>>> print(open('structure-v3.pdb').read())   # PDB, C-alpha atoms
ATOM      1  CA  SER X   1      -2.120  12.471 -19.604
ATOM      2  CA  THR X   2      -0.369  12.253 -16.257
ATOM      3  CA  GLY X   3      -1.111  12.799 -12.588
ATOM      4  CA  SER X   4       1.055  13.561  -9.572
ATOM      5  CA  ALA X   5      -0.100  13.577  -5.961
ATOM      6  CA  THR X   6       1.641  13.895  -2.618
ATOM      7  CA  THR X   7       1.110  11.086  -0.135
ATOM      8  CA  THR X   8       1.471  11.823   3.596
ATOM      9  CA  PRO X   9       2.008   9.529   6.572
ATOM     10  CA  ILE X  10      -1.014   9.312   8.871
ATOM     11  CA  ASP X  11       1.095   9.291  12.038
ATOM     12  CA  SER X  12       4.656   9.472  13.361
ATOM     13  CA  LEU X  13       5.295   5.765  12.652
ATOM     14  CA  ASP X  14       4.341   5.745   8.951
ATOM     15  CA  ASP X  15       1.557   3.258   9.760
ATOM     16  CA  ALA X  16      -0.080   4.189   6.432
ATOM     17  CA  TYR X  17      -0.112   7.026   3.916
ATOM     18  CA  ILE X  18      -3.030   9.153   2.711
ATOM     19  CA  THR X  19      -3.399  10.836  -0.660
ATOM     20  CA  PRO X  20      -6.074  13.431  -1.476
ATOM     21  CA  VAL X  21      -8.582  12.318  -4.129
ATOM     22  CA  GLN X  22     -11.282  14.443  -5.756
ATOM     23  CA  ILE X  23     -14.626  12.654  -6.213
ATOM     24  CA  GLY X  24     -17.709  14.041  -7.900
ATOM     25  CA  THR X  25     -18.939  17.416  -9.140
ATOM     26  CA  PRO X  26     -18.310  19.751  -7.416
ATOM     27  CA  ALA X  27     -15.268  17.968  -6.093
ATOM     28  CA  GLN X  28     -15.443  16.243  -2.738
ATOM     29  CA  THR X  29     -11.887  15.685  -1.510
ATOM     30  CA  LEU X  30     -11.289  12.552   0.526
ATOM     31  CA  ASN X  31      -7.981  11.267   1.849
ATOM     32  CA  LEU X  32      -7.542   7.721   0.640
ATOM     33  CA  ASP X  33      -5.080   4.941   1.419
ATOM     34  CA  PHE X  34      -3.538   3.910  -1.928
ATOM     35  CA  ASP X  35      -3.267   0.154  -1.728
ATOM     36  CA  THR X  36      -1.319  -1.872  -4.306
ATOM     37  CA  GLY X  37      -2.507  -4.995  -2.435
ATOM     38  CA  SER X  38      -6.223  -4.611  -3.252
ATOM     39  CA  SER X  39      -8.454  -3.500  -6.077
ATOM     40  CA  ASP X  40     -11.474  -1.659  -4.666
ATOM     41  CA  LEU X  41     -11.903   2.111  -4.437
ATOM     42  CA  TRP X  42     -14.223   2.459  -1.456
ATOM     43  CA  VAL X  43     -15.151   5.431   0.686
ATOM     44  CA  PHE X  44     -16.838   6.418   3.893
ATOM     45  CA  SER X  45     -20.096   7.958   2.733
ATOM     46  CA  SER X  46     -23.471   9.413   3.596
ATOM     47  CA  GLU X  47     -24.655   5.776   3.500
ATOM     48  CA  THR X  48     -22.211   4.511   6.136
ATOM     49  CA  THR X  49     -23.890   3.383   9.381
ATOM     50  CA  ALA X  50     -23.649   6.492  11.574
ATOM     51  CA  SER X  51     -22.258   4.674  14.631
ATOM     52  CA  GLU X  52     -19.339   3.490  12.463
ATOM     53  CA  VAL X  53     -18.255   6.984  11.365
ATOM     54  CA  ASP X  54     -15.867   8.864  13.722
ATOM     55  CA  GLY X  55     -14.121  11.876  12.218
ATOM     56  CA  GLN X  56     -13.803  10.708   8.621
ATOM     57  CA  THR X  57     -14.718  12.861   5.658
ATOM     58  CA  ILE X  58     -17.600  11.285   3.778
ATOM     59  CA  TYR X  59     -18.608  11.128   0.128
ATOM     60  CA  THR X  60     -22.193  12.220  -0.447
ATOM     61  CA  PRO X  61     -23.295  11.002  -3.867
ATOM     62  CA  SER X  62     -26.561  12.977  -3.756
ATOM     63  CA  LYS X  63     -24.502  16.193  -3.819
ATOM     64  CA  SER X  64     -22.610  15.159  -6.950
ATOM     65  CA  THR X  65     -24.151  16.052 -10.302
ATOM     66  CA  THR X  66     -22.051  13.341 -11.981
ATOM     67  CA  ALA X  67     -22.818  10.473  -9.568
ATOM     68  CA  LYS X  68     -24.906   7.603 -10.904
ATOM     69  CA  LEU X  69     -26.037   4.551  -8.963
ATOM     70  CA  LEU X  70     -24.533   1.378 -10.394
ATOM     71  CA  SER X  71     -27.849  -0.358 -10.068
ATOM     72  CA  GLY X  72     -27.814  -3.744  -8.380
ATOM     73  CA  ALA X  73     -24.088  -3.671  -7.614
ATOM     74  CA  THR X  74     -22.742  -4.578  -4.181
ATOM     75  CA  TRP X  75     -19.265  -5.087  -2.772
ATOM     76  CA  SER X  76     -17.744  -6.734   0.256
ATOM     77  CA  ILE X  77     -14.078  -7.008   1.139
ATOM     78  CA  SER X  78     -11.925  -8.447   3.900
ATOM     79  CA  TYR X  79      -8.270  -7.578   4.337
ATOM     80  CA  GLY X  80      -5.288  -9.517   5.662
ATOM     81  CA  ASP X  81      -5.468  -7.703   9.006
ATOM     82  CA  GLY X  82      -9.015  -8.966   9.557
ATOM     83  CA  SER X  83     -10.680  -5.659   8.759
ATOM     84  CA  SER X  84     -13.610  -5.407   6.354
ATOM     85  CA  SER X  85     -16.186  -3.154   4.687
ATOM     86  CA  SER X  86     -19.140  -3.497   2.326
ATOM     87  CA  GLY X  87     -21.821  -1.515   0.547
ATOM     88  CA  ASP X  88     -23.180  -0.423  -2.816
ATOM     89  CA  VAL X  89     -21.655   1.358  -5.792
ATOM     90  CA  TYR X  90     -21.853   4.619  -7.699
ATOM     91  CA  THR X  91     -19.951   5.695 -10.761
ATOM     92  CA  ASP X  92     -18.521   9.191 -10.625
ATOM     93  CA  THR X  93     -15.651  11.372 -11.776
ATOM     94  CA  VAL X  94     -12.445  10.754  -9.817
ATOM     95  CA  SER X  95      -9.265  12.824 -10.053
ATOM     96  CA  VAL X  96      -5.856  12.128  -8.544
ATOM     97  CA  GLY X  97      -3.192  14.785  -8.802
ATOM     98  CA  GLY X  98      -4.695  16.321 -11.931
ATOM     99  CA  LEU X  99      -5.500  13.032 -13.688
ATOM    100  CA  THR X 100      -9.233  12.513 -14.209
ATOM    101  CA  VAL X 101     -11.211   9.308 -14.780
ATOM    102  CA  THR X 102     -14.882   9.581 -15.646
ATOM    103  CA  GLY X 103     -17.193   6.689 -14.809
ATOM    104  CA  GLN X 104     -14.985   5.311 -12.037
ATOM    105  CA  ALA X 105     -16.644   2.825  -9.694
ATOM    106  CA  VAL X 106     -16.795   4.478  -6.279
ATOM    107  CA  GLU X 107     -17.798   1.877  -3.716
ATOM    108  CA  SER X 108     -19.873   3.469  -0.995
ATOM    109  CA  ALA X 109     -19.541   1.855   2.417
ATOM    110  CA  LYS X 110     -22.694   0.915   4.253
ATOM    111  CA  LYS X 111     -20.655  -0.935   6.894
ATOM    112  CA  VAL X 112     -17.012  -0.771   8.011
ATOM    113  CA  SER X 113     -15.215  -2.756  10.709
ATOM    114  CA  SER X 114     -13.928  -1.215  13.904
ATOM    115  CA  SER X 115     -10.350  -0.703  12.666
ATOM    116  CA  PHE X 116     -11.623   1.656   9.977
ATOM    117  CA  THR X 117     -13.942   3.588  12.295
ATOM    118  CA  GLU X 118     -11.129   3.997  14.788
ATOM    119  CA  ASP X 119      -8.814   5.538  12.197
ATOM    120  CA  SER X 120     -10.093   9.069  11.684
ATOM    121  CA  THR X 121      -7.363   9.888   9.153
ATOM    122  CA  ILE X 122      -8.354   7.389   6.436
ATOM    123  CA  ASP X 123     -11.515   8.197   4.441
ATOM    124  CA  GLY X 124     -11.293   5.089   2.271
ATOM    125  CA  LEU X 125      -8.993   2.981   0.105
ATOM    126  CA  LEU X 126      -7.959   3.280  -3.530
ATOM    127  CA  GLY X 127      -6.938  -0.134  -4.811
ATOM    128  CA  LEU X 128      -4.067  -0.453  -7.269
ATOM    129  CA  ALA X 129      -3.669  -4.223  -7.562
ATOM    130  CA  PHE X 130      -5.082  -5.988 -10.643
ATOM    131  CA  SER X 131      -8.774  -5.557 -11.390
ATOM    132  CA  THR X 132      -9.331  -9.326 -11.171
ATOM    133  CA  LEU X 133      -9.356  -8.866  -7.360
ATOM    134  CA  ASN X 134     -12.137  -6.265  -7.421
ATOM    135  CA  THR X 135     -15.089  -7.403  -5.293
ATOM    136  CA  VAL X 136     -18.016  -5.695  -7.047
ATOM    137  CA  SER X 137     -20.816  -8.091  -7.972
ATOM    138  CA  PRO X 138     -22.373  -8.996 -10.352
ATOM    139  CA  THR X 139     -20.122  -6.919 -12.644
ATOM    140  CA  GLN X 140     -16.505  -6.671 -11.491
ATOM    141  CA  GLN X 141     -15.152  -3.152 -11.792
ATOM    142  CA  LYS X 142     -11.819  -1.705 -12.919
ATOM    143  CA  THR X 143      -9.322   0.100 -10.694
ATOM    144  CA  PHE X 144      -8.564   3.782 -11.122
ATOM    145  CA  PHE X 145      -5.265   2.833 -12.781
ATOM    146  CA  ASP X 146      -6.902   0.378 -15.187
ATOM    147  CA  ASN X 147      -9.451   3.002 -16.229
ATOM    148  CA  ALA X 148      -6.766   5.679 -16.647
ATOM    149  CA  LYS X 149      -4.276   3.445 -18.449
ATOM    150  CA  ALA X 150      -5.206   4.094 -22.063
ATOM    151  CA  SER X 151      -5.063   7.860 -21.545
ATOM    152  CA  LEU X 152      -1.725   7.840 -19.742
ATOM    153  CA  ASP X 153       1.459   8.870 -21.543
ATOM    154  CA  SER X 154       2.944   5.561 -20.345
ATOM    155  CA  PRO X 155       0.957   2.745 -18.676
ATOM    156  CA  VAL X 156       2.698   3.034 -15.306
ATOM    157  CA  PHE X 157       2.384   4.462 -11.845
ATOM    158  CA  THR X 158       5.162   4.987  -9.325
ATOM    159  CA  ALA X 159       5.310   4.903  -5.531
ATOM    160  CA  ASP X 160       7.889   7.072  -3.797
ATOM    161  CA  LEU X 161       7.016   6.764  -0.109
ATOM    162  CA  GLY X 162       8.809   8.842   2.486
ATOM    163  CA  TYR X 163      10.413   7.815   5.747
ATOM    164  CA  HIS X 164       8.691   9.929   8.383
ATOM    165  CA  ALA X 165       7.922  12.367   5.556
ATOM    166  CA  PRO X 166       5.620  12.921   2.577
ATOM    167  CA  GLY X 167       6.198  11.214  -0.746
ATOM    168  CA  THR X 168       4.633  10.966  -4.156
ATOM    169  CA  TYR X 169       2.409   8.802  -6.340
ATOM    170  CA  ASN X 170       2.821   9.568 -10.046
ATOM    171  CA  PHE X 171       0.650   8.235 -12.874
ATOM    172  CA  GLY X 172       1.736   7.999 -16.472
ATOM    173  CA  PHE X 173       5.400   8.953 -16.208
ATOM    174  CA  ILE X 174       8.663   8.129 -14.477
ATOM    175  CA  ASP X 175      10.306  11.104 -12.700
ATOM    176  CA  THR X 176      13.978  10.579 -13.477
ATOM    177  CA  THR X 177      14.940  13.135 -10.794
ATOM    178  CA  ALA X 178      13.319  11.060  -8.041
ATOM    179  CA  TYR X 179      15.875   8.253  -7.776
ATOM    180  CA  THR X 180      19.605   7.564  -7.970
ATOM    181  CA  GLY X 181      21.331   5.066 -10.242
ATOM    182  CA  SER X 182      19.193   2.912 -12.508
ATOM    183  CA  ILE X 183      15.811   1.212 -12.190
ATOM    184  CA  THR X 184      16.051  -2.581 -12.118
ATOM    185  CA  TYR X 185      12.956  -4.284 -13.513
ATOM    186  CA  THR X 186      11.778  -7.713 -12.463
ATOM    187  CA  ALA X 187       9.004 -10.061 -13.614
ATOM    188  CA  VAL X 188       5.494  -9.994 -12.190
ATOM    189  CA  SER X 189       3.006 -12.807 -11.859
ATOM    190  CA  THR X 190      -0.610 -11.645 -11.976
ATOM    191  CA  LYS X 191      -1.972 -15.143 -11.214
ATOM    192  CA  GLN X 192      -3.114 -14.135  -7.717
ATOM    193  CA  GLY X 193      -4.111 -10.589  -8.745
ATOM    194  CA  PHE X 194      -1.171  -8.974  -6.935
ATOM    195  CA  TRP X 195       2.041  -7.257  -7.958
ATOM    196  CA  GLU X 196       3.811 -10.522  -7.190
ATOM    197  CA  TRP X 197       7.538 -10.873  -7.843
ATOM    198  CA  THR X 198      10.586 -12.827  -6.697
ATOM    199  CA  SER X 199      13.371 -11.205  -4.737
ATOM    200  CA  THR X 200      16.808 -12.700  -5.315
ATOM    201  CA  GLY X 201      17.926 -12.728  -1.685
ATOM    202  CA  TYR X 202      18.869 -10.724   1.376
ATOM    203  CA  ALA X 203      21.598  -9.470   3.676
ATOM    204  CA  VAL X 204      21.499  -8.427   7.321
ATOM    205  CA  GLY X 205      23.548  -5.349   8.124
ATOM    206  CA  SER X 206      27.060  -5.652   6.731
ATOM    207  CA  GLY X 207      26.690  -9.423   6.366
ATOM    208  CA  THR X 208      27.176 -11.421   3.202
ATOM    209  CA  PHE X 209      24.307 -11.556   0.746
ATOM    210  CA  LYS X 210      22.322 -14.793   0.760
ATOM    211  CA  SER X 211      21.162 -15.751  -2.720
ATOM    212  CA  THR X 212      17.701 -17.243  -2.335
ATOM    213  CA  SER X 213      14.382 -16.783  -4.133
ATOM    214  CA  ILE X 214      11.697 -15.030  -2.077
ATOM    215  CA  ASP X 215       8.286 -14.734  -3.763
ATOM    216  CA  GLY X 216       6.233 -11.840  -2.424
ATOM    217  CA  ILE X 217       3.928  -8.930  -3.177
ATOM    218  CA  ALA X 218       4.629  -5.224  -3.416
ATOM    219  CA  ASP X 219       1.917  -3.858  -1.127
ATOM    220  CA  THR X 220       1.690  -0.155  -0.278
ATOM    221  CA  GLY X 221      -1.305  -0.960   1.944
ATOM    222  CA  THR X 222       0.687  -3.074   4.395
ATOM    223  CA  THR X 223       2.844  -1.268   6.941
ATOM    224  CA  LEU X 224       5.564  -3.821   7.629
ATOM    225  CA  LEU X 225       7.876  -6.229   5.815
ATOM    226  CA  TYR X 226       6.723  -9.842   6.207
ATOM    227  CA  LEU X 227       9.240 -12.507   5.198
ATOM    228  CA  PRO X 228       9.845 -16.216   5.841
ATOM    229  CA  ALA X 229      10.585 -17.160   9.443
ATOM    230  CA  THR X 230      14.135 -18.236   8.546
ATOM    231  CA  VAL X 231      14.984 -14.796   7.125
ATOM    232  CA  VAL X 232      13.311 -12.931   9.956
ATOM    233  CA  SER X 233      15.068 -15.018  12.611
ATOM    234  CA  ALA X 234      18.430 -14.310  10.938
ATOM    235  CA  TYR X 235      17.697 -10.589  11.101
ATOM    236  CA  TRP X 236      16.588 -10.377  14.745
ATOM    237  CA  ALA X 237      19.446 -12.624  15.872
ATOM    238  CA  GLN X 238      21.685  -9.617  15.133
ATOM    239  CA  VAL X 239      19.782  -7.338  17.517
ATOM    240  CA  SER X 240      20.784  -7.422  21.178
ATOM    241  CA  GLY X 241      17.824  -8.421  23.349
ATOM    242  CA  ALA X 242      15.393  -9.058  20.489
ATOM    243  CA  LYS X 243      12.785 -11.795  20.856
ATOM    244  CA  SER X 244       9.553 -13.039  19.367
ATOM    245  CA  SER X 245       6.705 -12.353  21.744
ATOM    246  CA  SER X 246       3.521 -14.364  21.342
ATOM    247  CA  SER X 247       1.705 -11.985  23.712
ATOM    248  CA  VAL X 248       2.637  -8.949  21.615
ATOM    249  CA  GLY X 249       2.304 -10.749  18.275
ATOM    250  CA  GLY X 250       5.804 -10.566  16.816
ATOM    251  CA  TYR X 251       9.411  -9.572  17.286
ATOM    252  CA  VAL X 252      10.187  -6.847  19.810
ATOM    253  CA  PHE X 253      13.492  -5.350  20.835
ATOM    254  CA  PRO X 254      14.879  -2.994  23.453
ATOM    255  CA  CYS X 255      14.646   0.548  22.419
ATOM    256  CA  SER X 256      18.322   0.853  23.505
ATOM    257  CA  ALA X 257      19.507  -1.558  20.791
ATOM    258  CA  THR X 258      20.832  -0.487  17.395
ATOM    259  CA  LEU X 259      19.073  -1.963  14.377
ATOM    260  CA  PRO X 260      21.079  -3.271  11.423
ATOM    261  CA  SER X 261      20.006  -2.467   7.900
ATOM    262  CA  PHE X 262      18.255  -5.080   5.779
ATOM    263  CA  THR X 263      19.093  -5.540   2.115
ATOM    264  CA  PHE X 264      16.842  -7.237  -0.410
ATOM    265  CA  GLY X 265      17.700  -8.337  -3.925
ATOM    266  CA  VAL X 266      16.025  -7.176  -7.124
ATOM    267  CA  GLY X 267      17.746  -9.155  -9.845
ATOM    268  CA  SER X 268      21.426  -8.305  -9.493
ATOM    269  CA  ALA X 269      20.523  -4.996  -7.806
ATOM    270  CA  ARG X 270      20.171  -4.319  -4.066
ATOM    271  CA  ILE X 271      17.790  -2.157  -2.026
ATOM    272  CA  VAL X 272      19.018  -1.228   1.450
ATOM    273  CA  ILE X 273      16.446  -0.600   4.179
ATOM    274  CA  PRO X 274      18.173   1.500   6.863
ATOM    275  CA  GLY X 275      17.926   0.186  10.423
ATOM    276  CA  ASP X 276      15.892   3.203  11.536
ATOM    277  CA  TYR X 277      13.083   2.210   9.133
ATOM    278  CA  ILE X 278      12.631  -1.056  11.073
ATOM    279  CA  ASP X 279      11.799   0.711  14.382
ATOM    280  CA  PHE X 280       8.044   0.976  15.072
ATOM    281  CA  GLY X 281       8.376   2.324  18.569
ATOM    282  CA  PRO X 282       7.055   1.259  21.954
ATOM    283  CA  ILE X 283       4.518  -1.581  22.042
ATOM    284  CA  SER X 284       2.525   0.597  24.447
ATOM    285  CA  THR X 285       3.052   4.149  25.671
ATOM    286  CA  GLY X 286       6.055   4.306  27.990
ATOM    287  CA  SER X 287       7.271   0.773  27.264
ATOM    288  CA  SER X 288      10.928   0.011  26.748
ATOM    289  CA  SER X 289       9.938  -2.771  24.326
ATOM    290  CA  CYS X 290       9.871  -1.612  20.726
ATOM    291  CA  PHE X 291       7.980  -3.317  17.893
ATOM    292  CA  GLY X 292       9.975  -4.545  14.918
ATOM    293  CA  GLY X 293       9.302  -3.607  11.331
ATOM    294  CA  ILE X 294      10.364  -6.968   9.905
ATOM    295  CA  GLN X 295       8.066  -9.797  10.930
ATOM    296  CA  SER X 296       7.358 -13.390   9.954
ATOM    297  CA  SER X 297       4.941 -14.126   7.132
ATOM    298  CA  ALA X 298       4.337 -17.645   8.478
ATOM    299  CA  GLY X 299       0.594 -18.188   8.528
ATOM    300  CA  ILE X 300      -0.163 -15.247   6.212
ATOM    301  CA  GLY X 301       0.402 -17.514   3.232
ATOM    302  CA  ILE X 302       2.389 -14.922   1.302
ATOM    303  CA  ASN X 303       5.421 -12.726   1.819
ATOM    304  CA  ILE X 304       4.669  -9.011   1.782
ATOM    305  CA  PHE X 305       7.010  -6.203   0.787
ATOM    306  CA  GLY X 306       5.043  -3.531   2.602
ATOM    307  CA  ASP X 307       5.865   0.107   3.329
ATOM    308  CA  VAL X 308       9.013  -0.683   5.358
ATOM    309  CA  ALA X 309      10.574  -2.104   2.223
ATOM    310  CA  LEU X 310       8.924   0.067  -0.425
ATOM    311  CA  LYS X 311       9.770   3.385   1.229
ATOM    312  CA  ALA X 312      13.467   2.538   0.842
ATOM    313  CA  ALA X 313      13.010   2.586  -2.953
ATOM    314  CA  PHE X 314      11.527   4.357  -5.933
ATOM    315  CA  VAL X 315       9.076   1.749  -7.215
ATOM    316  CA  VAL X 316       7.651   1.465 -10.721
ATOM    317  CA  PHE X 317       4.401  -0.427 -11.193
ATOM    318  CA  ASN X 318       4.512  -1.126 -14.919
ATOM    319  CA  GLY X 319       1.069  -1.996 -16.260
ATOM    320  CA  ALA X 320       2.145  -2.724 -19.804
ATOM    321  CA  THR X 321       0.671  -5.795 -21.514
ATOM    322  CA  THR X 322       3.316  -7.809 -19.704
ATOM    323  CA  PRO X 323       3.459  -6.155 -16.288
ATOM    324  CA  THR X 324       6.744  -5.704 -14.432
ATOM    325  CA  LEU X 325       8.050  -4.009 -11.277
ATOM    326  CA  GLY X 326      10.989  -1.640 -11.133
ATOM    327  CA  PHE X 327      13.071  -0.701  -8.111
ATOM    328  CA  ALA X 328      15.651   2.050  -7.754
ATOM    329  CA  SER X 329      17.556   3.403  -4.781
ATOM    330  CA  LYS X 330      16.874   7.029  -3.867
TER
END
>>> encode(input="structure-v3.pdb", output="structure tokens")
Amino acid sequence: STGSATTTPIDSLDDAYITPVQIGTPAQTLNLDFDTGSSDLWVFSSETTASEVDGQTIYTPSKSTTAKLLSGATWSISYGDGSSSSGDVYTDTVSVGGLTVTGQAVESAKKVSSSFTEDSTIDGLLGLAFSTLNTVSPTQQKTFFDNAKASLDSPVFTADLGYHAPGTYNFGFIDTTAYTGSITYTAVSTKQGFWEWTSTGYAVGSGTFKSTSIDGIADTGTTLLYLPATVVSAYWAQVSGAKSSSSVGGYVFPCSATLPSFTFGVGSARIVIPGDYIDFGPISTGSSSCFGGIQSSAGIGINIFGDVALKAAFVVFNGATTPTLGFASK
């Protein structure tokens, strides 16, 4: 089997992407944030505290003939941005782009933090990291991808995120028309439950490539590119007027400045992030200070190749017995 679904930016900055997902019988379609940095499929639901729901589409398990309470199961998750949610669990039929999993754990939110309530465009998350990070207790549950894997033509999914445009998540096959050149594969460590890999270095603009190992995670659920302070400083030093602002919470730059590209290494291959991808617009409406798309990972504890980086590539998440990551230009 295979599946193919279009993913669409939630706003003009590509802050996140939503992908339609069919849950239950008859289908209830919710727009979920596919997140390769976490491993829970959770939804706004008929059980979510009413004051915490503001415009989202909800899953109502009582209206699904295939929903079954996963008796005794609870879940509770906190994300790197300080957001959180928690609740109980149903199993139900879940389909993504024509690919169907029966008996998928659908984690129904009883509570969500303010960041989720305030984002009317995101109806939940669909985790695509390794199932060892799943928060369901007492019985940890498998991700959609893990459940689908055995039925897939090939045990892979791909992320092809657009810059200010829709893209595609495919399951079970690699679309050879979706990228240019070849796919370079690189080793993954699953020790922390993430798609964790080591970039071979970086370049700023037309500068010379610096060979240096940068361990990080491929995370579709993080907007920006978070790298060591040394790397980030080297980048912003090439932007006229750029500075790190403690009041704003990162590097900002005058909207009049031109941004250089940023290249990252995948083995001997190179992915070029165009300068425009690094512009996240005014810090506040009408401001001449623009927020940068490359920021320091210092104090996160891990480097994160988020959407800024991933959307510059066609990315293969290879879930074979020995998992790997592939990157191609496009």
>>> resolve_selection(input="structure-v3.pdb", expression="the PyMOL selection byres ((chain X and resi 80-90) around 8)", output="NGL selection string")
:X and (61 or 67-79 or 91-92 or 105-116 or 300)
>>> resolve_selection(input="structure-v3.pdb", expression="the PyMOL selection byres ((chain X and resi 40) around 7)", output="ChimeraX atom specification")
/X:38-39,41-42,126-127,134-135,143
>>> write_last_selection(input="structure-v3.pdb", atoms="C-alpha atoms", output="CSV table (one decimal), in the frame of the given file")
chain,number,residue,atom,x,y,z
X,38,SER,CA,-6.2,-4.6,-3.3
X,39,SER,CA,-8.5,-3.5,-6.1
X,41,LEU,CA,-11.9,2.1,-4.4
X,42,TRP,CA,-14.2,2.5,-1.5
X,126,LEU,CA,-8.0,3.3,-3.5
X,127,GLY,CA,-6.9,-0.1,-4.8
X,134,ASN,CA,-12.1,-6.3,-7.4
X,135,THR,CA,-15.1,-7.4,-5.3
X,143,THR,CA,-9.3,0.1,-10.7
>>> atom_distance(input="structure-v3.pdb", atom1="CA of residue 185 (chain X)", atom2="CA of residue 325 (chain X)")
5.4 Å
>>> resolve_selection(input="structure-v3.pdb", expression="the PyMOL selection byres ((chain X and resi 23-33) around 9)", output="PyMOL selection string")
chain X and resi 7+16-22+34-35+41-44+56-61+63-67+92-95+106+121-127+220-221
>>> atom_distance(input="structure-v3.pdb", atom1="CA of residue 285 (chain X)", atom2="CA of residue 12 (chain X)")
13.5 Å
>>> residues_near_point(input="structure-v3.pdb", point="(7.9, -9.8, -11.1)", cutoff="8 Å", atoms="only C-alpha atoms", output="list in words")
residues 185, 186, 187, 188, 189, 195, 196, 197, 198, 323, 324 and 325 of chain X
>>> closest_residue(input="structure-v3.pdb", among="X:37, X:162, X:172, X:265", to="residue 209 (chain X)", atoms="all atoms listed in the file")
X:265
>>> atom_distance(input="structure-v3.pdb", atom1="CA of residue 156 (chain X)", atom2="CA of residue 318 (chain X)")
4.6 Å
>>> closest_residue(input="structure-v3.pdb", among="X:304, X:272, X:313, X:148", to="residue 327 (chain X)", atoms="all atoms listed in the file")
X:313
>>> closest_residue(input="structure-v3.pdb", among="X:274, X:250, X:293, X:103", to="residue 305 (chain X)", atoms="only C-alpha atoms")
X:293
>>> axis_aligned_box(input="structure-v3.pdb", around="region 290-305 of chain X", padding_each_side="4 Å", output="JSON")
{"center_x": 5.1, "center_y": -9.9, "center_z": 10.8, "size_x": 18.5, "size_y": 24.6, "size_z": 27.9}
>>> residues_near_point(input="structure-v3.pdb", point="(10.4, 4.9, 0.7)", cutoff="12 Å", atoms="only C-alpha atoms", output="compact mmCIF listing (two decimals) with C-alpha atoms, in the coordinates of the input")
# COMPACT_ATOMS: atom_id res chain seq x y z
CA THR X 7 1.11 11.09 -0.14
CA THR X 8 1.47 11.82 3.60
CA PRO X 9 2.01 9.53 6.57
CA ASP X 14 4.34 5.74 8.95
CA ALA X 16 -0.08 4.19 6.43
CA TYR X 17 -0.11 7.03 3.92
CA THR X 158 5.16 4.99 -9.32
CA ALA X 159 5.31 4.90 -5.53
CA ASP X 160 7.89 7.07 -3.80
CA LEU X 161 7.02 6.76 -0.11
CA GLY X 162 8.81 8.84 2.49
CA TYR X 163 10.41 7.82 5.75
CA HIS X 164 8.69 9.93 8.38
CA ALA X 165 7.92 12.37 5.56
CA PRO X 166 5.62 12.92 2.58
CA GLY X 167 6.20 11.21 -0.75
CA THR X 168 4.63 10.97 -4.16
CA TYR X 169 2.41 8.80 -6.34
CA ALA X 178 13.32 11.06 -8.04
CA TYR X 179 15.88 8.25 -7.78
CA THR X 220 1.69 -0.16 -0.28
CA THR X 223 2.84 -1.27 6.94
CA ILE X 271 17.79 -2.16 -2.03
CA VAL X 272 19.02 -1.23 1.45
CA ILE X 273 16.45 -0.60 4.18
CA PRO X 274 18.17 1.50 6.86
CA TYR X 277 13.08 2.21 9.13
CA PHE X 305 7.01 -6.20 0.79
CA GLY X 306 5.04 -3.53 2.60
CA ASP X 307 5.86 0.11 3.33
CA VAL X 308 9.01 -0.68 5.36
CA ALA X 309 10.57 -2.10 2.22
CA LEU X 310 8.92 0.07 -0.42
CA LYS X 311 9.77 3.38 1.23
CA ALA X 312 13.47 2.54 0.84
CA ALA X 313 13.01 2.59 -2.95
CA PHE X 314 11.53 4.36 -5.93
CA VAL X 315 9.08 1.75 -7.22
CA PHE X 327 13.07 -0.70 -8.11
CA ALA X 328 15.65 2.05 -7.75
CA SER X 329 17.56 3.40 -4.78
CA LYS X 330 16.87 7.03 -3.87
>>> residues_around(input="structure-v3.pdb", residues="residue 207 (chain X)", least_positions_apart="4", cutoff="12 Å", atoms="only C-alpha atoms", output="number ranges by chain")
X: 202-203, 234-235, 238, 260-263
>>> residues_around(input="structure-v3.pdb", residues="residue 132 (chain X)", least_positions_apart="6", cutoff="10 Å", atoms="only C-alpha atoms", output="ChimeraX atom specification")
/X:38-39,140-143,190-194
>>> closest_residue(input="structure-v3.pdb", among="X:4, X:240, X:246, X:117", to="residue 50 (chain X)", atoms="all atoms listed in the file")
X:117
>>> closest_residue(input="structure-v3.pdb", among="X:290, X:216, X:227, X:154", to="residue 248 (chain X)", atoms="all atoms listed in the file")
X:290
>>> closest_residue(input="structure-v3.pdb", among="X:275, X:288, X:321, X:199", to="residue 217 (chain X)", atoms="all atoms listed in the file")
X:199
